[PDB]
Number of protein chains: 4
Amino acid sequence: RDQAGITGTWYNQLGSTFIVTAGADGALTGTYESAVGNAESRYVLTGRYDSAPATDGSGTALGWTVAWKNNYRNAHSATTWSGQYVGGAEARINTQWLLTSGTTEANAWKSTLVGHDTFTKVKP
Amino acid sequence: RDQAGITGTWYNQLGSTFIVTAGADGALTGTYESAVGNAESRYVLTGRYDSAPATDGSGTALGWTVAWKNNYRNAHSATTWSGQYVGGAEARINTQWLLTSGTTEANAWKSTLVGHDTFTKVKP
Amino acid sequence: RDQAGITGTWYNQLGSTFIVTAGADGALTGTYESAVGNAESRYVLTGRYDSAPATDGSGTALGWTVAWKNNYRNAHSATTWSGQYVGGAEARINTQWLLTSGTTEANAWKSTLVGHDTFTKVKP
Amino acid sequence: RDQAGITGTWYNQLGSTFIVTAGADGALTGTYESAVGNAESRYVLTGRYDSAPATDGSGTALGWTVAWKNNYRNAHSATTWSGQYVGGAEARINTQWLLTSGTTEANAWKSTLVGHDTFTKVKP
Ligand SMILES: O=C(CCCC[C@@H]1SC[C@@H]2NC(=O)N[C@@H]21)NCCN1C(=O)c2cccc3c(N4CCc5ccccc5C4)ccc(c23)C1=O
Ligand SMILES: O=C(CCCC[C@@H]1SC[C@@H]2NC(=O)N[C@@H]21)NCCN1C(=O)c2cccc3c(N4CCc5ccccc5C4)ccc(c23)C1=O
């Protein structure tokens, strides 16, 4: 269990802030603040992690979602990050993400961005 | 709000079963059973949706995660689906997904599968 | 060798037209016309396929790129499709694609769309 | 035209080597050697780039494919990279990639890896 390793405040390469609690049962709960895009302040996130990872030096699989609606803005979109937690002196969460916007059926082909974020426990 | 539209039992093209409740506040909670892969029975899922979508015929953005650990198996992996709900006679959730396995740093380049699932309210 | 199987005119679910020749050496050459987006008429494509696939009923891996510049328009973007050819009565090329736009460094996080196209030998 | 900027030898974070020539007409031709996976020596690549990019500080969109068959091995797979070239003192090609394996129809859901490579003109 990397419950203690995951729980806390993380920062990515864009200067976004991910604040998460890992539950003993595999839950992830917290808030996300994006440094970029159609976003202001904090947004709810929820997700899941592997609470019993392999003991062979592998990372810990996890993922989470943010819907980009809060009390300030609604960007009619949702991002999911999928990745793994790697513990140790320079702990990191290495992710790839999919960001889908609500679209008409005609525009569905251009609904989804893909990218990658790396989170660390220390900021830019 | 497509709270009522989203809530329920959905099936994809592989014969997997997604059982979800949509909360008024943007939460998604439920269980997932995969017809394929290193999986048996139900797994917890959690996610988020846009509870106030655009009124212009656009779909409703949403996403969710499953960590592939339950009481029967642990596949040391997590999938996130990102997509949109489209209401109407033939309601569907159109998704793309990222499935990350825990890996060593040496194998991280081959950690993540990508695919697409389409869910409907009626099964194969 | 599915050189003969691949060579020809293919259509996707959007009504786009892919015209390709497969070389004995693994080359793919041809033109692409998109039914959607910032595109008009034909664009050059090039790519590669596995000219000696497994004999066990597996599909044939292949990919190709289009840069969205021709004599009519320049959309400062490029798409790559990655996928497999499946032969037989209802032959199909099943792909996932990445479409990158040129961006400033500040906007690089939103540079790349992801999607999926299925090509068949008969049109909508 | 970043024909001169693109042409040359590039290295990614895995220690792979990409050797490319950019044509005046938008072509990319060359060889790829992977430091990882089911690969040995050089493989043919082909692709396309935007030969007339925006003059506003944007990167130059490009993509290319490798089919993982040469005279030494056949991995029954193909990778496509989609990304942009960014010129200047520390020139880089920032990419995301899709790697599809030939599979049976039953295994198609697990056919495609996704990742990201950053290429520079100087090696690890
Ligand atoms: O901004 C937000 C909320 C904050 C998101 C922050 C992200 S989460 C991942 C990353 N990590 C991080 O910490 N922070 C960032 N939500 C909307 C985000 N958004 C999309 O959803 C979207 C979805 C689909 C297409 C496009 C899009 N194009 C592609 C090119 C193109 C070409 C011709 C015509 C049309 C288009 C459309 C452009 C921008 C967008 C977009 C775009 O901003
Ligand atoms: O190795 C090569 C040639 C060299 C590729 C080098 C890459 S190009 C991108 C990157 N940049 C670079 O410079 N060098 C690397 N070709 C085959 C590569 N390859 C796939 O195509 C593949 C395709 C689909 C699934 C899987 C795969 N899983 C995912 C997890 C899973 C779980 C349960 C059961 C099954 C599976 C299957 C594992 C490995 C592979 C794989 C795998 O090695």
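Each chain gets a letter, A, B and so on, in the order its sequence line appears, and its residues count up from 1.
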K.L.:
Look up atom OG1 in C:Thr21 and atom CD in C:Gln3, then write down how far apart they are to the nearest 0.5 Å.
P.N.:
9.0 Å

K.L.:
When B:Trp109 is tested against each of D:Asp117, D:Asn12, D:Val36 for side chain to side chain contact (heavy atoms under 4.5 Å, CB included), which residue passes?
P.N.:
D:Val36

K.L.:
Between the main-chain N or O of D:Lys69 and the side-chain N or O of D:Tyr72, is there a donor-acceptor pair closer than 3.5 Å?
P.N.:
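Side chain of D:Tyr72 to backbone of D:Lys69, a donor-acceptor pair under 3.5 Å: no, none is there.
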
K.L.:
Any sub-3.5 Å donor-acceptor pair from C:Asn70's side-chain atoms to C:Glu40's backbone N or O?
P.N.:
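Checked: pair present.
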
K.L.:
In the structure I gave you, are the side-chain heavy atoms of D:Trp81 and D:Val66 within less than 4.5 Å of one another anywhere?
P.N.:
yes

K.L.:
State, to 0.1 Å, how close C:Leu28 and C:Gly63 come at their nearest heavy-atom pair, and which atoms those are.
P.N.:
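That would be CD1-O, 3.7 Å.
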
K.L.:
Tell me whether the count of non-hydrogen atoms from other residues, nucleotides or ligands lying under 6.0 Å of CD in D:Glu105 goes above 12.
P.N.:
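Open.
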
K.L.:
Quick one: closest heavy-atom pair of C:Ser51 and C:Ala24, and the distance?
P.N.:
CB-O, 3.7 Å

K.L.:
Please report the closest heavy-atom contact between A:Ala91 and A:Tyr85, naming both atoms and the distance.
P.N.:
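Nearest pair, atom of A:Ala91 first, then A:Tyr85: CB-CE1, 4.4 Å.
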
K.L.:
For D:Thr17, give me all partners under side-chain hydrogen bond (donor to acceptor under 3.5 Å, both in side chains), at least two apart in sequence or on another chain.
P.N.:
none

K.L.:
Looking only at heavy atoms, what is the nearest atom pair of B:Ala61 and A:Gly102, with distance?
P.N.:
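Closest approach of B:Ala61 to A:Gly102, heavy atoms only: CB-N, 4.0 Å.
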
K.L.:
Counting N and O atoms only, with roles assigned by atom type, does the side chain of C:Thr118 sit under 3.5 Å from a partner on the main chain of C:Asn94, one being a donor and the other an acceptor?
P.N.:
no

K.L.:
So which heavy atom on C:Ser82 is nearest to which on D:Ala78, and how close?
P.N.:
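Result for this residue pair: OG-O, 3.6 Å.
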
K.L.:
Out of the candidates C:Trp68, C:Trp64, C:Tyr32, only one should pair with C:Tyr43 under the ring-ring contact (aromatic ring centres under 6.0 Å, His included) rule; please name it.
P.N.:
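Going through the options one by one, the only one that passes is C:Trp68.
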
K.L.:
So that I know where these two stand, are D:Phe18 and D:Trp97 an aromatic pair - ring centroids less than 6.0 Å apart?
P.N.:
no

K.L.:
B:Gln84 versus A:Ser111: any side-chain heavy-atom pair under 4.5 Å?
P.N.:
yes

K.L.:
Might you confirm whether atom CZ of A:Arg92 has over 12 heavy atoms from other residues, nucleotides or ligands at distances under 6.0 Å?
P.N.:
yes

K.L.:
Enter the distance from B:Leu99:CG to D:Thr112:OG1 here, rounded to the nearest 0.5 Å.
P.N.:
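Between atom CG of B:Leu99 and atom OG1 of D:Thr112 there are 12.0 Å.
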
K.L.:
Between D:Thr120 and D:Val122, is there a donor-acceptor pair closer than 3.5 Å when you use the side chain of the first and the backbone of the second?
P.N.:
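Checked: pair present.
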
K.L.:
For residues A:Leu45 and A:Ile19, report the shortest heavy-atom separation together with the two atoms involved.
P.N.:
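The answer is CD2-O, 4.1 Å.
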
K.L.:
For the CZ atom of D:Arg48 and the OG1 atom of D:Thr65, what is their distance to the nearest 0.5 Å?
P.N.:
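Between atom CZ of D:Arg48 and atom OG1 of D:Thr65 there are 12.0 Å.
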
K.L.:
Is the shortest side-chain heavy-atom distance between A:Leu14 and A:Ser34 below 4.5 Å?
P.N.:
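Not touching, per the 4.5 Å side-chain cut-off.
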
K.L.:
Can you check whether A:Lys121 reaches A:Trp10 side chain to side chain, under 4.5 Å on heavy atoms?
P.N.:
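Side chain of A:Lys121 against side chain of A:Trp10, heavy atoms only: contact under 4.5 Å found.
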
K.L.:
Is there a donor-acceptor contact under 3.5 Å from the side chain of B:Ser77 to the main chain of B:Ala75?
P.N.:
yes

K.L.:
Does the C:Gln96 side chain pair with the main chain of B:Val114, one donor and one acceptor, at a distance under 3.5 Å?
P.N.:
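It does hold such a pair.
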
K.L.:
Indicate yes or no for a side-chain donor-acceptor contact from D:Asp2 to the backbone of D:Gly87 under 3.5 Å, with no hydrogens or angles considered.
P.N.:
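The answer is no, because no donor-acceptor pair under 3.5 Å joins these two groups.
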
K.L.:
Does C:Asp25 have more than 12 heavy atoms from other residues, nucleotides or ligands lying within 6.0 Å of its CG?
P.N.:
yes

K.L.:
Which of these, C:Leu62, C:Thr80, C:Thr79, sits in a side chain to side chain contact (heavy atoms under 4.5 Å, CB included) with D:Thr80?
P.N.:
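Looking at C:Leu62, C:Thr80, C:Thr79, the match for D:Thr80 under the side chain to side chain contact (heavy atoms under 4.5 Å, CB included) is C:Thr80.
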
K.L.:
Could you tell me which residues satisfy side-chain contact (heavy atoms from CB on, under 4.5 Å) with B:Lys110, sequence neighbours excluded, listed by chain and number?
P.N.:
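side-chain contact (heavy atoms from CB on, under 4.5 Å) list for B:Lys110, sorted by chain: B:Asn107, D:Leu113.
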
